[PDB]
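Shown here is one chain on its own, the form deposited in one PDB entry, set out as structure tokens.
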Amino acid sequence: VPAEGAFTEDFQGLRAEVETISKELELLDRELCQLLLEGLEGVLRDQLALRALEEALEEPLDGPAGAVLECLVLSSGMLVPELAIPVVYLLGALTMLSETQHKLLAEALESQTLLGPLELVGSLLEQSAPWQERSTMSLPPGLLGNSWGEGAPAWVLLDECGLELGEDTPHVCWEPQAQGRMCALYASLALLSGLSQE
């Protein structure tokens, strides 16, 4: 009577939900995708630019927020929902992440290394079901080809989500408190992957 089902998605649900937005990006001109990622990479390095871009989807701007805008706007803008909405869904995700994670997302964009973390986070989400239960995981990141150890980017991304990380087994221990941010990280990495290329 109070609602039609459970509170929490499974990974397949989360994957499905992000994939519909991701397909609208996957079907776009490679020229436009190159321009957005160039801007988004910049916006992820400047938290103030990020705030401006978001405020601006609620007239031209300077800098990275302005560049992103120009991939979503007619002359005279005239914001176009079919492009602007996907970027709103990404920007929403990014509000759950730390500044540190944004910069790593920037670094991942520049070095064009998004599929490694995507596959890591993605696979931790899938194996962590059900997300409400704390659990230790057999999965070691290094054996998928990521750098691993306290300084590594994959480490920091996951540390900022709130997982407890070891340099030896168990490498990853799932904390239900990290649900929000891993799901937002997965979504951010996936949306950014849809643009480039792939």
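Between two forms, the rigid core is the largest collection of C-alphas that superpose within 1.5 Å. Residue numbers here begin at 1 and follow the sequence given.
Heads up, the form deposited in another entry isn't pictured, but that's what we're talking about next.
- Of the residues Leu144, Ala129, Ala152, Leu32, just one CA atom moves 2 angstroms or more between this form and the one not shown under rigid-core superposition; it belongs to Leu144.
- The Cα-Cα distance between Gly149 and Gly145 is shortened by 3 Å or more in the other entry relative to the form shown here.
- Between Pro140 and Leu165, the Cα distance is greater in the other entry than in this structure, by no less than 3 angstroms.
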